[PDB]
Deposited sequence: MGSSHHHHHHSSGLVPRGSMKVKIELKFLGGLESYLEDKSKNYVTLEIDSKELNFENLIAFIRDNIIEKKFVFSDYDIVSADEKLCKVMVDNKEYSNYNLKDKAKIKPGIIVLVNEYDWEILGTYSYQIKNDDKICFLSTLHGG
């Protein structure tokens, strides 16, 4: 189903965004396979411009089109999986993702996700 979310970056993570005029991007995806594992892998390689600061390079391809603000990407790998780097706090709608089921959380249309570095 159609999912439009906000991805906010805090604690210094915003300095690695393509658009440095704001600390967030909007992501649009029309796939039932969207999850935090493929979302973290995609942010790691396409939204965060600096290497090693967001997620480890721990890890098949099933690619899909996504919108990041007004830019289309065709390399969103629904089969990729990545863990958030320790020291990065994840919030969904300002709730700690630990009370949401972390990686098992079903991301929903209009969710506001925040990544806050303590590193």
Legend entry - Missing C-alpha runs, given along the deposited sequence, first residue counted as 1: 1 to 19, 79 to 81, 142 to 144
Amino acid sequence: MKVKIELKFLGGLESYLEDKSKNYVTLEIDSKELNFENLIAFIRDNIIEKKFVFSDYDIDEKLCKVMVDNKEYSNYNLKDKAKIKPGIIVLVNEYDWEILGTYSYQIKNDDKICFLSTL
From here on, numbers count along this sequence of modelled residues.
Inset, instruction - Tell me which of 64 to 72 and 80 to 88 has the higher mean C-alpha B-factor in the deposited entry. - result: 64 to 72
Inset, instruction - Taking the mean of the C-alpha B-factors per stretch from the entry, tell me the winner out of 39 to 47 and 26 to 34. - result: 26 to 34
Inset, instruction - Sorting the chain's modelled residues by C-alpha B-factor, tell me whether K2 ends up in the lowest, middle or highest third. - result: highest
